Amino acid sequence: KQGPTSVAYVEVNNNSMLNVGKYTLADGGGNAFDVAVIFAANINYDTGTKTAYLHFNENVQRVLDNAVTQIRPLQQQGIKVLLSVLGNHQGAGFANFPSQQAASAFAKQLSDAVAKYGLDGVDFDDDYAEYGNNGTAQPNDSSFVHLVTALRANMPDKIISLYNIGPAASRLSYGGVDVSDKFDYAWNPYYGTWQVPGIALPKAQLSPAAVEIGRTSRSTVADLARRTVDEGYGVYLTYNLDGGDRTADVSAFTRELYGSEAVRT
């Protein structure tokens, strides 16, 4: 196969991670999706100890517990599985850790979870942190740099991506350390639009295109996939892959990115 890296987010509250592996190319049998993102674990905040901590809801916990049936088969077929981490309305976000020491401890929780569940990496979606809640601080400009540096050092051979949104997303430099190059990819969160991420990564690692499989018109899925290839960008983002038969929607972009329609098992 040859073309941009395709990513699929799955809201595990309602959908199965396995749907991502159901799609292959008619010509070649290659994967229609290269990366699968578990959406999403959380950054919670313990008001008592004034410490943020990683949290998994019932659904997230459940698929993680069942890695052998939910994640593992996706990986055997060559799809990389990432755990997305999102804000949870508790004031703590990726941009307000009080110190390097504090961000590092959270980064360790991340790498420990990735190691413990055999994941390929982590995705950051600094949304819903609702900074300030529970007496927390607003975003500062070293928190994220400290979090990313520590994580990258914890799992140097794995994936770390950025969902381009929120405070964290524009706090990539501090004290001479720009953490842009510690990200493997970065992509646009706005479905049905082309918005190039600001992060300092080469075209090969960015996805200005964003689509919601099923919602975005197949004509826009296609125009976005086409511009991706035309402009030379190396990543393409699909959000909310569900269990319906989305063969036509996947083919919309696979024909332009890879030159083959998709088949679904």
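Residue numbers here begin at 1 and follow the sequence given.
Comparing 53-61 with 202-210, the higher mean C-alpha B-factor in the PDB entry belongs to 53-61. Set 68-76 against 121-129 and average the Cα temperature factors; 68-76 ends up higher.
Across 189, 175, 139, 91, the greatest Cα temperature factor reported in the deposited entry is at 139. Of the candidates 143, 170, 84, 149, the one whose C-alpha carries the top B factor in the deposited record is 170. In this PDB entry, residue 96 carries a Cα temperature factor that places it within the middle third of its chain's modelled residues. When the modelled residues of the chain are ordered by their C-alpha B factor, residue 182 lands in the lowest third. Placement of the Cα temperature factor of residue 162 within the chain: lowest third of the modelled residues, per the deposited record. Ranked against the other modelled residues of its chain, the C-alpha B-factor of residue 242 as given in the entry falls in the middle third. Looking at the C-alpha B-factors along this chain, the one for residue 218 belongs to the middle third.
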